[PDB]
Amino acid sequence: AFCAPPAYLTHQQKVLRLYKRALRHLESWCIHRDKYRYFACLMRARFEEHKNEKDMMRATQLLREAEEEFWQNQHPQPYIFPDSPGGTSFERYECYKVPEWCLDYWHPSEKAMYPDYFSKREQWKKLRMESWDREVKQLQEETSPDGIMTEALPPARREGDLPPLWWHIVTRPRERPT
Amino acid sequence: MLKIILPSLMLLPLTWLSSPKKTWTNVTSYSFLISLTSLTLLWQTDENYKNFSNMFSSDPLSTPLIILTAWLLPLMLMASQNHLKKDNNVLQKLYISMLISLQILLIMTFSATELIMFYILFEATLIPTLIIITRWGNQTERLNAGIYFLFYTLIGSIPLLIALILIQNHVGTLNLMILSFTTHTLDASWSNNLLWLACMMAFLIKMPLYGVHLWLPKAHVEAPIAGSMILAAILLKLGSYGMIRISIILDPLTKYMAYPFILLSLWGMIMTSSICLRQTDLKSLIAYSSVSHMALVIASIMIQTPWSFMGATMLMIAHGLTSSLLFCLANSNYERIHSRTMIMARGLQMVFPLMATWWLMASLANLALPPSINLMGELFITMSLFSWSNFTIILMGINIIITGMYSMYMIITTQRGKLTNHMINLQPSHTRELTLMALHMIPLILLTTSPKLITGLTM
Amino acid sequence: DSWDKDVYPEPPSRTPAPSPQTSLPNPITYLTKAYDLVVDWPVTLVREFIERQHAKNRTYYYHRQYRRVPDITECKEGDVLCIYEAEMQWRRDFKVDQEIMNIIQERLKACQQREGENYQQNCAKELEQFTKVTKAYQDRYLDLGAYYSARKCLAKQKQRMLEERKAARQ
Amino acid sequence: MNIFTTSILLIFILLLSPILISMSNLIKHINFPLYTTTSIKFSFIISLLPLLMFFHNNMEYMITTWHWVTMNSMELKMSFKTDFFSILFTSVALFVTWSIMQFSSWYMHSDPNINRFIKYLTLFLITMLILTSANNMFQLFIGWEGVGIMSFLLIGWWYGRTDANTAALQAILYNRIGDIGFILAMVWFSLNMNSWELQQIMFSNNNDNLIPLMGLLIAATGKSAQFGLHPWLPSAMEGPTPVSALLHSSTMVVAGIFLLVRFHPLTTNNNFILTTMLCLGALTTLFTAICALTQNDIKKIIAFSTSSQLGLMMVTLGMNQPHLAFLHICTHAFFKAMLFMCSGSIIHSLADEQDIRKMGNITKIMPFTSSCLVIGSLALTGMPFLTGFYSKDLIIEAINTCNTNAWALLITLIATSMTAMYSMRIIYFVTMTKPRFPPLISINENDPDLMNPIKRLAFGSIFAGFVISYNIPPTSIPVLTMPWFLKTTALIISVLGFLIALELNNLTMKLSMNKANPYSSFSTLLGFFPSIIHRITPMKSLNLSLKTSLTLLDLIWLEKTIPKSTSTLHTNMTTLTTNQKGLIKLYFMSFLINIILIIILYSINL
Amino acid sequence: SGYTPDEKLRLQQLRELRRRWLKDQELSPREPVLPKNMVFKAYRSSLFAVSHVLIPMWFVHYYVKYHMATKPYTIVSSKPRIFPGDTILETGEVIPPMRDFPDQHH
Ligand SMILES: CCCCCCCCCCCCCCCCCC(=O)OC[C@H](COP(=O)([O-])OCC[N+](C)(C)C)OC(=O)CCCCCCCCCCCCCCCCC
Ligand SMILES: CCCCCCCCCCCCCCCCCC(=O)OC[C@H](COP(=O)(O)OCCN)OC(=O)CCCCCCCCCCCCCCCCC
Ligand SMILES: CCCCCCCCCCCCCCCCCC(=O)OC[C@H](COP(=O)(O)OCCN)OC(=O)CCCCCCCCCCCCCCCCC
């Protein structure tokens with residue numbers, strides 16, 4: 001979530017993703033902790049015994065066969081953490097994740113209910129206003145004239161500067177707003 | 001009727017003589033008073049009809065339409081007085097004059113006792129809505145929409161004029177009560193079949209019938225909010241009222257001549273509900289929902305059952321109210337985000353809670369939640385259609401299922417879900433538009449409380 | 001009670017006397033006595049006050065009666081005056097017949113609820129009355145259409161009488 | 001005759017009062033959940049009064065409060081048929097909803113819209129009591145649709161969740177198919193008996209009622225989630241746990257069973273309707289027990305348990321035993337209310353964690369909740385002289401000892417054994433074995449707002465079936481002369497199911513991976529019905545809509561036929577007529593042609 | 001592989017600003033700036049029972065007796081169970097008992 005995906009997944013990343021998914025489905029089958037630990041050590045032994053492959057064409061073939069085996073032997077209802085997608089509590093508080101710009105449309109009475117918070121909000125707004133021009137200049141400088149471009153973003157590289165496009169990251173709503 | 005017509009006429013000098021800082025206030029207040037005056041037509045303590053004059057009369061069918069028109073005029077002013085703030089004063093007064101002229105001509109059309117005067121006021125109502133759509137519409141396609149609307153209606157209405165002149169030559173007066181009493185049974189020849197088609201096709205065009213409904217979605221999309229309100233809430237009902245008025249002298253050949261139009265209505269309401277399921281434009285969705293509901297009204301009027309006529313009248317009033325309310329809510333979102341895309345604004349329940357409540361209530365009215373007059377009309381239409389043929393229940397059930405589906409799909413995709421946080425220009429709410437939603441919803445509640453007012457001619 | 005048992009018949013109630021075998025007190029009797037003393041007494045007091053205020057300001061209203069205008073059978077065709085009078089009289093009688101059917105149906109529902117488990121036997125006369133008035137209503141008003149009128153009712157009656165006369169030939 | 005009607009209308013007024021308080025702008029100064037809970041408990045007491053009256057004298061009531069409208073010969077009036085069914089279900093629903101309101105006050109804490117949640121629950125209770133107590137089918141429909149819409153809102157309570165919105169939408173869809181059946185029945189009765197009143201329906205008992213009974217069966221299938229229209233209930237577990245409990249466990253889902261109980265005098269004279277109800281109920285209870293065998297979400301397990309019990313009630317209606325079905329409605333309402341409340345307490349103590357694979361040792365770490373969960377499981381399986389004895393075992397005896405379908409009987413017995421099996425699955429994987437939850441222990445079930453409603457539902461689930469069944473007026477004469485294997489059948493198969501499931505759970509404890517089988521895949525993936533149907537029917541419907549209706553008709557062919565073809569024809573004609581060369585030689589040659597043609601026309605006309 | 005120095009420094013700075021923003025999300029102790037108990041049985045249930053129950057019971061009973069019982073078929077009840085040996089209150093007659101019950105085996 002906090003990192004952007006690359007153009008393609010390398011072979012090592014595909015193998016590690018398969019290993020983690022296989023362990024999760026193995027725990028979904030095993031339920032009990034001791035049984036899960038036994039069969040997870042067996043799965044780790046399988047991955048270790050196929051680890052040192054040098055041809056890499058046979059390694060891709062083994063990865064394909066292992067993926068076929070996983071799709072044949074996966075749990076129909078694997079365990080999902082509640083906050084994870086497909087879980088029971090996933091996107092539950094999106095109805096409460098109100099974006100911060102409605103305080104701009106708040107009435108002066110409602111602002112008068114919270115004086116100090118709105119003063120600090122104005123300070124954040126002024127900081128954003130200066131940093132926007134600074135970071136637009138930085139992003140224009142940092143952009144390659146031609147070639148390969150990814151979704152990664154530069155940090156602040158000088159004193160008294162903020163990272164570009166920091167507003168929607170820093171001022172995002174909390175995961176438990178209430 | 002003159003006591004309603006005359007001050008509505010005097011609204012125009014009030015509009016042109018009021019100060020620019022007082023025009024909206026004065027015209028809105030006096031149009032509300034006009035509606036309150038129009039409420040005196042409900043004083044019907046007898047089986048007779050309130051024949052006020054030799055050219056104006058009131059009916060259990062005409063009265064709810066007149067009251068709805070007089071009630072819709074101030075609501076149209078409130079709906080339209082926001083997108084005209086950056087507008088010239090004389091153009092604002094001209095727009096108000098167009099709305100007032102529409103209200104006057106529609107009241108006269110519903111209160112007319114003579115079919116030639118009915119046709120003259122029919123075309124008289126055809127003019128200023130075309131002017132409104134063409135002049136104050138937003139996109140480029142308003143000109144094509146106005147042409148489609150105008151010429152669908154005109155090609156419908158010309159054989160209606162020929163048929164009315166023929167019936168006047170045959171009978172003598174073309175007066176509604178005289179025709180109703182000295183009705184003669186037609187001998188079912190090809191000439192009488194053509195006469196039937198001539199006097200029914202204008203109203204079927206303006207209903208609209210399926211296959212000839214193509215003017216309605218683009219006209220409602222390209223029209224301004226007041227034009228969409230007056231169209232979807234009065235003019236289709238004007239077509240239905242014309243069908244009910246003219247069908248009394250078409251016996252007996254309407255019994256077999258109604259067959260293609262009933263099939264067109266049922267399958268067209270299914271098709272248009274499917275279009276609502278797959279439609280990317282909110283105003284287009286509301287327009288096609290209007291097409292399906294008016295197809296139900298067409299089928300009831302064609303089968304000519306007293307239950308069908310009552311359900312037709314109740315569905316006319318209920319659909320006028322709920323379609324104007326849906327158009328006003330869609331126009332509030334359009335004035336917010338400057339787009340009509342169905343999927344663009346999603347999480348509006350978070351930012352607009354009371355407006356989401358109005359959305360939910362409007363959609364529940366649209367899918368005929370009991371005991372509302374929407375369900376009353378739809379249920380009695382279903383009863384009469386099942387009496388006409390037991391196999392119509394399949395088409396009715398499919399239409400009801402898809403109706404609930406597109407209504408709840410509209411609610412979920414416009415209010416529920418995650419909020420489109422990029423829409424920084426979401427002003428909280430206008431008391432004007434919240435008042436507009438309330439002034440739509442409350443008469444629905446009151447007519448639900450007392451449904452005897454809108455039963456119509458048969459009961 | 002503004003209603004009368006001639007048009008809303010009701011059999012006299014036959015309640016049995018209480019015969020409590022148990023020695024336990026009856027909470028229903030305790031609650032009904034308490035409910036009377038707490039609720040029924042102030043309600044009947046304020047209702048008596050309202051009734052005496054109405055007696056102080058008493059007014060009367062009457063039930064309108066219409067004389068019988070000549071029937072449409074003696075109205076010449078094309079004479080819209082007498083045709084209008086006969087049509088209005090026919091619509092008035094149609095509404096009266098609708099309310100007569102409502103009265104009969106309400107009477108039948110009351111019979112069914114009163115009898116309960118014995119409605120298949122003890123509502124025989126109510127069901128017979130409902131069937132007879134339904135048959136008469138179907139003979140006079142059915143299949144007229146949305147534009148029902150005295151002329152259409154007369155045409156239907158003439159057709160039915162012609163069919164009956166032709167059946168009576170053989 | 002006044003205190004009875006006063007108590008009924010006072011139930012309705014006490015229910016309507018918190019709605020007016022909610023819209024009356026004084027919520028910010030009062031404790032609205034506590035006020036509504038007190039309103040529900042006072043409504044329950046005021047409903048206990050006609051319960052005692054009907055237990056005394058068996059008075060059967062019909063109350064016409066308000067006249068709505070008159071349309072020729074149909075007099076639509078607001079009427080309530082205060083029956084045995086209406087009174088007993090009103091009392092049970094009010095007791096359950098009192099427990100639900102107090103549990104909601106505990107559970108939906110740190111929720112900004114707890115007042116809206118409570119108001120929605122109150123609106124659902126009002127519509128449910130309208131549906132239960134309605135005398136005419138139109139008012140029945142009002143309660144039916146209000147219940148459906150409040151179900152939609154309460155499923156889509158967390159409206160930022162796309163899956164919650166989808167579940168609410170599909171519940172609306174299946175309920176609308178049920179509405180189509182209901183409308184068919186209502187229209188048939190309006191046309192053939194001139195009323196929607198139950199008394200004229202009773203007079204309609206003596207003719208062919210195949211079409212209205214089929215419509216009522218379709219409505220009951222849609223509302224009670226029988227086979228074909230089932231999956232919206234376990235999908236509808238997406239809402240919060242008090243919603244799940246009250247709506248889909250005790251009150252709403254028994255409305256189709258209540259409808260068929262209501263129209264049982266018509267149903268007794270139609271053998272085909274009885275046979276198809278028996279077959280449908282047996283099929284859905286077997287299928288839903290099979291689906292419940294291998295689930296992991298505890299709410300999903302008890303939801304499929306609810307659907308299996310609804311199938312059992314449909315079987316009981318397939319036999320001519322409607323009163324046993326209503327008794328099972330009440331007893332099952334108690335069981336599922338307490339079971340869902342215990343599961344919700346487990347979930348809140350384990351921090352919104354819902355599947356049984358990360359639970360364990362609940363008997364020792366949450367003793368009160370474990371005790372009440374065991375009580376609920378035993379009373380659901382039908383341990384003797386609990387609340388499940390007096391309905392479920394009479395149903396099993398009736399199906400054993402009456403002439404019915406053989407396969408329906410066999411799969412009903414197998415479904416009862418599998419009910420014991422999945423109850424043992426719940427007990428094992430939750431209350432037994434070793435802990436599997438994350439280490440941070442935040443269990444705190446010491447709140448009286450949690451303890452007291454569970455205690456009241458436990459007293460219900462122990463004694464309520466006994467009290468009710470001994471106060472029931474004798475009807476539907478049971479048979480008691482049967483062999484020993486037809487008398488102890490339910491107890492024997494319940495014990496066998498418990499032992500078989502215990503052995504299977506110990507085998508899962510055994511350290512060995514086994515290859516998965518199509519039977520277990522079929523059970524876990526809900527019989528492939530949600531995946532297959534919910535992927536093929538929306539795809540075909542929406543694809544047909546866009547690819548045929550909108551595009552092909554409106555945006556293509558109606559435009560090609562009427563307006564564009566008319567414009568093309570007139571454009572071609574105006575080009576052909578205004579293609580002049582501007583030469584007066586050609587114009588005068590045309591004039592000469594006109595002169596010749598006029599002379600010819602005159603010469604032939606003469 | 002691990003973080004690049006680019007992404008690591010960006011995440012560190014973004015997280016520090018997130019800490020500052022969440023710290024500023026706190027409330028001052030004066031926030032927000034807003035412009036007869038007896039016992040539960042004797043007082044709390046008393047006024048609620050006399051307000052939300054008793055007065056609605058009065059209004060409901062008034063409507064039932066003086067606007068519903070005054071109408072013909074509004075409140076219709078089934079006939080009471082009449083068993084042999086009972087005495088009718090309204091009529092005053094005692095219906096005869098049943099026969100001699102020849103079976104006395106259980
Ligand atoms: C919106 C739809 C528009 C098209 C359909 C319109 C209706 C179609 C059926 C009716 C025929 C056309 C209208 C006739 C109006 C008068 C009817 C009448 O009085 O009938 C009785 C009369 C007969 O008169 P009569 O009733 O006195 O008959 C005398 C009978 N005896 C002797 C026994 C007493 O019918 C006609 O005169 C009809 C002649 C019509 C000829 C012209 C038709 C032109 C084309 C029509 C459509 C044009 C627009 C669409 C173009 C294409 C667009 C895609
Ligand atoms: C022994 C005898 C046995 C007899 C067996 C008889 C079986 C009969 C079966 C009848 C019912 C079949 C049709 C049911 C359709 C249900 C569709 C539905 O609700 O799909 C839900 C689905 C998304 O839900 P899902 O994917 O399951 O879960 C979300 C998890 N992320 O998808 C959606 O939410 C899509 C949104 C809706 C899209 C529009 C749908 C319009 C449907 C119109 C149907 C019109 C015809 C209906 C005919 C009914 C006939 C009964
Ligand atoms: C199921 C029911 C079936 C039966 C009923 C069928 C009939 C239904 C009703 C008819 C509806 C017709 C609609 C006509 C209007 C739509 C056509 C249109 O708008 O054309 C526009 C086009 C000019 O476009 P323009 O604006 O120049 O360019 C676009 C951007 N610059 O315009 C042009 O290019 C030329 C436009 C010509 C005028 C069209 C309107 C008048 C038509 C007169 C018809 C005469 C009929 C008799 C003909 C003689 C006898 C055969």
# chains A, B, ... in the order shown; residues from 1 in each chain; ligands from 1

$ residues_around --residues "residue 32 (chain E)" --least-positions-apart "3" --cutoff "8 Å" --atoms "only C-alpha atoms" --output "list in words"
residues 113 and 114 of chain A; 27 of chain E

$ write_last_selection --atoms "N, CA and C atoms" --output "PDB file, in the first residue's frame"
ATOM      1  N   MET A 113     -16.589  26.719  17.862  1.00  0.00           N
ATOM      2  CA  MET A 113     -16.534  25.627  18.826  1.00  0.00           C
ATOM      3  C   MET A 113     -15.113  25.114  19.032  1.00  0.00           C
ATOM      4  N   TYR A 114     -14.250  25.219  18.021  1.00  0.00           N
ATOM      5  CA  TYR A 114     -12.886  24.689  18.084  1.00  0.00           C
ATOM      6  C   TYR A 114     -11.876  25.735  17.629  1.00  0.00           C
TER       7      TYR A 114
ATOM      8  N   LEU E  27      -7.196  17.633  21.001  1.00  0.00           N
ATOM      9  CA  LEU E  27      -8.089  18.690  21.448  1.00  0.00           C
ATOM     10  C   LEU E  27      -7.543  19.346  22.707  1.00  0.00           C
TER      11      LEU E  27
END

$ residues_around --residues "region 205-214 of chain D" --least-positions-apart "2" --cutoff "10 Å" --atoms "only C-alpha atoms" --output "VMD selection string"
(chain C and resid 120) or (chain D and resid 181 to 189 199 to 203 216 to 220 260 263 to 274 276 to 277)

$ interface_residues --of "chain B" --to "chain C" --cutoff "7 Å" --atoms "only C-alpha atoms" --output "PyMOL selection string"
chain B and resi 47+178+181-182+248+304-306+309+458

$ write_last_selection --atoms "C-alpha atoms" --output "JSON list (two decimals), in the first residue's frame"
[["chain", "number", "residue", "atom", "x", "y", "z"],
["B", 47, "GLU", "CA", -71.61, 13.82, -8.16],
["B", 178, "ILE", "CA", -72.41, 16.72, -25.55],
["B", 181, "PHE", "CA", -74.08, 12.06, -23.85],
["B", 182, "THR", "CA", -74.74, 11.71, -27.60],
["B", 248, "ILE", "CA", -65.14, 8.13, -24.84],
["B", 304, "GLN", "CA", -60.28, 1.08, -20.20],
["B", 305, "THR", "CA", -61.16, -0.47, -16.88],
["B", 306, "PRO", "CA", -62.38, 1.70, -13.94],
["B", 309, "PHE", "CA", -58.44, 4.68, -14.94],
["B", 458, "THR", "CA", -64.31, 6.33, -12.21]]

$ residues_near_ligand --ligand "ligand 3" --cutoff "10 Å" --atoms "only C-alpha atoms and all ligand atoms" --output "ChimeraX atom specification"
/B:140-141,143-157,197,201-202,204-205,209-215,260-261,264 /D:558-559,561-574

$ interface_residues --of "chain E" --to "chain D" --cutoff "8 Å" --atoms "only C-alpha atoms" --output "list in words"
residues 52, 53, 56, 57, 60, 61, 64, 65, 68, 73, 74, 75, 76, 77, 78, 79, 80 and 81 of chain E
